[PDB]
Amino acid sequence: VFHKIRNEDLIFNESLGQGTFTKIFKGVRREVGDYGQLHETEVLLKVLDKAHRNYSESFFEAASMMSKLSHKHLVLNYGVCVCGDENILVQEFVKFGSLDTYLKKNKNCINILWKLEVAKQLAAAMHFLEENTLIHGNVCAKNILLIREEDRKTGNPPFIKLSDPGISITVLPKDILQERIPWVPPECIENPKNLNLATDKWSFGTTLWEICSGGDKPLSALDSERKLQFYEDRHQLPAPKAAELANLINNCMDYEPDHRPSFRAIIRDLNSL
């Protein structure tokens, strides 16, 4: 599928952070757009670490999956650039960046109706993926991007998009999956081949907890061994102090995967608030 983009049409600018075996940059893509018009377009650039180029297949598959669907709550993929040892994904630049950092910076002016709207949008995206039997596999607030802020004065809601999952937990080292507790569900800790649609219901619950906790990271105080034992003892997350969504979080984070609710049922629960 992927449009091949020339290295010379890509400029790398500021470093924005990192993902698993990747570095993330803002950049600019020079392109011919619709009517033959030349454009300099802001792009989000993800670079697979040279030392991990043996994961390149899973790195690109994560984006290819998303790019074969179109949906207003999914980030657009523009193409790839493979410059010898560099494996580069080129994607839409989303103005206000990651939800997790946005929640922390603005936690004092984000109320329950803003959280509810964002949860509803995320659920709409996940229902779309579920209807298409497409597993995401890394739903978390870091991977949700805010394209538009709420505008009180015009009643405009915030608007979010979900980015691609990155390299799959089916191929990642077990130590990384343990650090990713409690977004990674207990059955995938047992066996990463247990990755299924029910995975995304668990992770959606962890992500709602983030949205409700002002950007805190659940269980961050626990090292990997205690995270593993958290699953062994079958604990649940503490209610967010803003507890309106606590019941939904706990229903999604069901240790029995087959009992986790459909995204249709999840949306019905959200709309009754």
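Residue indices: 1-based, along the sequence shown.
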Item checked: Stretch with the higher entry mean CA B-factor, where the candidates are 148 to 156 and 183 to 191 -> 148 to 156
Notebook entry, point to check: Between 8 to 16 and 248 to 256, which has the higher average C-alpha B-factor in the PDB entry?
Noted result: 8 to 16
Checklist line | Among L197, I88, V139, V118 - the residue whose C-alpha B-factor is largest in the record | finding: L197
Next item on the list: Could you check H73, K95, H127, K104 and tell me which one carries the biggest Cα B-factor in the deposited entry?
Entry: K104
Margin query: Can you tell me whether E210 has a C-alpha B-factor in the lowest, middle or highest third compared with the other modelled residues of the same chain?
Written below: lowest
Note to self: Please place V28 in the lowest, middle or highest third of its chain according to the CA B-factor in the PDB entry.
What the structure shows: middle
Item checked: Chain thirds of CA B-factor: placement of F204 -> lowest
Next item on the list: Using the B-factor values recorded in the entry, state whether the Cα atom of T133 falls in the lowest, middle or highest third among the modelled residues of its chain.
Entry: middle
Check: If you rank every modelled residue in this chain by C-alpha B factor, which third holds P173: lowest, middle or highest?
Finding: highest
